[PDB]
Amino acid sequence: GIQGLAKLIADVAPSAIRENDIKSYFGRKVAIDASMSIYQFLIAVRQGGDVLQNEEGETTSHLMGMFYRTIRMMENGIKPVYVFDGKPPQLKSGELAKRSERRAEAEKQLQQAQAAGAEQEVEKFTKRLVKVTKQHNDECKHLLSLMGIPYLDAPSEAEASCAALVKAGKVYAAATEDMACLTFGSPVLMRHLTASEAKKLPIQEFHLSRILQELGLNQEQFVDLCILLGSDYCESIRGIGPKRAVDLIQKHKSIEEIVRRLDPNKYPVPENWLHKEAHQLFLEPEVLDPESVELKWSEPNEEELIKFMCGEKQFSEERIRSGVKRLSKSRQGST
DNA sequence: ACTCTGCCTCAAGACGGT
DNA sequence: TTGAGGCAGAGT
DNA sequence: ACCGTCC
Ligand SMILES: [K+]
């Protein structure tokens with residue numbers, strides 16, 4: 001994430017966002033952040049406050065979500081490649097650790113809810129306690145393998161590896177809600193791509209070059225701006241938000257300069273501010289080699305699919321086999 | 001009055017059958 | 001996790 | 001569209 005970046009671009013660079021109907025992404029490949037979508041499902045796919053599961057106790061909401069949305073996308077001519085998060089950059093420790101503490105917090109607030117009724121709390125805190133695990137990951141990779149859908153492991157940050165794939169032309173765009181993908185230099189970002197039957201929000205397409213033009217910056221100044229707005233990798237200056245940050249970056253072009261010209265009594269900066277290191281992470285992140293693996297959208301293995309989902313995970317053979325045929329079908333073509 | 005902060009709420013997908 | 005949106009209040 | 005259920 002980059003705090004407020006979406007609203008900012010809407011506000012001061014509206015020409016950088018197009019809204020298109022899904023019909024116009026027909027025949028395009030997109031890169032998807034696996035870990036974020038798995039998360040979205042673990043949160044949303046709930047039956048009675050609880051997550052879907054086979055009786056052995058193993059979770060399955062993520063498998064549901066992934067299987068079906070993937071199929072939908074494929075039907076609409078959208079070939080998705082899933083990129084899985086690698087090892088988090090050191091600069092991320094801070095953010096990550098906060099995320100642990102809050103979870104611990106939630107967990108305590110779980111007990112005091114359970115021992116006092118009102119499942120409103122129980123389910124709220126339970127949602128706040130959601131966490132993607134290496135198991136979730138391994139399972140989804142298996143599923144995608146048996147669906148013929150290609151997946152890649154990012155050495156570190158998935159978003160950075162997505163931006164790398166779009167840069168290299170291996171895909172048209174990155175489909176994610178994480179504005180940071182632009183910071184890492186991805187020329188095109190697509191929010192709200194679900195290929196879902198109930199629509200909801202219109203697909204949003206962000207062009208990086210348009211953002212740059214409309215804001216009057218180059219990529220480097222744009223990274224600095226995102227750092228000021230609020231990145232996952234270092235702190236921000238208290239009291240400088242979107243409006244002020246745009247002003248300052250437009251006037252002084254860099255963080256060093258900005259820090260020289262700032263009144264240290266009105267706007268004091270953070271102590272031991274790793275902003276230069278963050279910046280360098282954004283310009284030169286560790287990413288996979290987009291030329292190593294040639295992405296192929298294979299044919300589903302229907303039998304093995306039934307064995308895995310239906311067999312191991314108690315999925316209705318009819319719903320599954322139906323999905324498998326919609327997908328095998330969409331491979332040869334169609335609507 | 002503009003801006004930011006921080007504390008809060010609240011919600012989070014897809015399908016099949018009407 | 002991400003919003004959007006709500007509000008009080010401090011600080012300009 | 002609504003909504004009961006998917007597991
Ligand atoms: K800030």
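Chain A is the first sequence line, chain B the second, and so forth, proteins listed ahead of strands; every chain is numbered from 1. Computed from heavy atoms alone, side chains included, the values below leave out hydrogens, waters and symmetry copies.
Distance A:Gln3 CD to B:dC4 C1': 12 Å, rounded to the nearest Å. The distance between atom CZ of A:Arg238 and atom P of C:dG11, rounded to the nearest whole Å, is 11 Å. Residue A:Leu229 contributes atom CG, which lies 14 Å from atom P of B:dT3 at whole-angstrom precision. Rounded to an integer number of Å, the gap from A:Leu228 CG to B:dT3 P is 16 Å. Rounded to a whole Å, the CE atom of A:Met179 is 10 Å from the P atom of C:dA4. Across the protein-nucleic acid pair, A:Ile240 atom CD1 and B:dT3 atom P stand 12 Å apart, rounded to whole Å. Atom-to-atom, CZ of A:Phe125 to P of B:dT9 comes out at 9 Å; the value is rounded to the nearest Å. For the pair A:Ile237 CD1 and C:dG11 P, the computed distance is 19 Å after rounding to whole Å.
For residues 154-173 of chain A, the pairs satisfying side-chain hydrogen bond (donor to acceptor under 3.5 Å, both in side chains) are A:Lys92-A:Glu157, A:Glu157-A:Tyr233, A:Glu159-A:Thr176, A:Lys170-A:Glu291, A:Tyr172-A:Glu205, with sequence neighbours left out. The list of side-chain hydrogen bond (donor to acceptor under 3.5 Å, both in side chains) pairs with a residue in residues 140-152 of chain A, not counting sequence neighbours, reads A:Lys141-A:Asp153.
Residue contacts for A:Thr59: at a heavy-atom cut-off of 4.0 Å it reaches no nucleic acid atom on any strand shown. In this structure, A:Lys313 reaches the sugar-phosphate backbone alone: every heavy-atom distance under 4.0 Å involves primed, P, OP1 or OP2 atoms, never a base. Residue contacts shown for A:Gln53 include a base, since a base heavy atom lies under 4.0 Å away. Within 4.0 Å (heavy atoms only), A:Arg46 reaches at least one base atom of the nucleic acid.
Among the nucleotides B:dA12, B:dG13, B:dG6, the one closest to the side chain of A:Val45 is B:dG13. For A:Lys243, whose side chain is taken as the heavy atoms from C-beta onward, the closest listed nucleotide among B:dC4, B:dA14, C:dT1 is B:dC4. Picking from B:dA12, C:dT1, B:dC15 the nucleotide with the shortest atom distance to the side chain of A:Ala44 gives B:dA12. When distances run from any side-chain atom of A:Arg319 to the nucleotides B:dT5, B:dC15, B:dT9, the shortest one goes to B:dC15. Side chain of A:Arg99, nearest nucleotide from B:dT5, B:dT9, C:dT2: C:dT2. Comparing B:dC10, B:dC15, C:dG3 against the side chain of A:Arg191 picks out C:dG3 as the nearest. Closest approach to the A:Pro242 side chain among B:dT5, B:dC4, B:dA12 is made by B:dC4 (side chain taken as heavy atoms from C-beta onward).
The environment of A:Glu55 atom CD is sparse: at most 12 non-hydrogen atoms of other residues, nucleotides or ligands sit within 6.0 angstrom.
The side chain of A:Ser196 places no N or O atom within less than 4.0 Å of a non-bridging phosphate oxygen (OP1 or OP2) of B:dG13. For the OP1/OP2 pair of B:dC2 and a distance below 4.0 Å, the side-chain nitrogens and oxygens of A:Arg244 include no atom meeting the criterion.
Spacing between D:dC2 and B:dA12 at atom P, rounded to whole Å, works out to 14 Å. Taking atom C1' on both nucleotides, B:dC10 is separated from D:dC6 by 24 Å, rounded to a whole Å. C:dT2 sits 27 Å from B:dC15 when the P atoms are compared, rounded to a whole Å.
The minimum heavy-atom distance linking A:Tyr25 with A:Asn20 is given by the pair OH-ND2, 3.1 Å. Of all heavy-atom pairs spanning A:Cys234 and A:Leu274, the tightest one is CB-C, 4.1 Å.
Checked for salt-bridge contact, A:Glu302 and A:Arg321 meet the test: a charged N lies under 4.0 Å from a carboxylate O. A:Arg260 and A:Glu257 are joined by a salt bridge, as a carboxylate oxygen and a charged side-chain nitrogen come within less than 4.0 angstrom of each other.
Residues A:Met36 and A:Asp178 have side chains in contact (heavy-atom distance under 4.5 Å, counting atoms from C-beta outward).
Think of the region where chain A sits on DNA chain D: with heavy atoms and a 4.0 Å cut, that region ends 5' and 3' at D:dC6 to D:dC7.
In this step of the strand, C:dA4 stacks on C:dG5, since the centres of their six-membered base rings are under 5.5 Å apart and the ring planes meet at under 30°.
Among the candidates A:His275, A:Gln219, A:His279, A:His252, the single residue satisfying the side-chain hydrogen bond (donor to acceptor under 3.5 Å, both in side chains) test with A:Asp224 is A:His279.
Between A:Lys7 and A:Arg128, the residue anchored nearer the 5' end of DNA chain C, judged by the nucleotide with its closest heavy atom, is A:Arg128.
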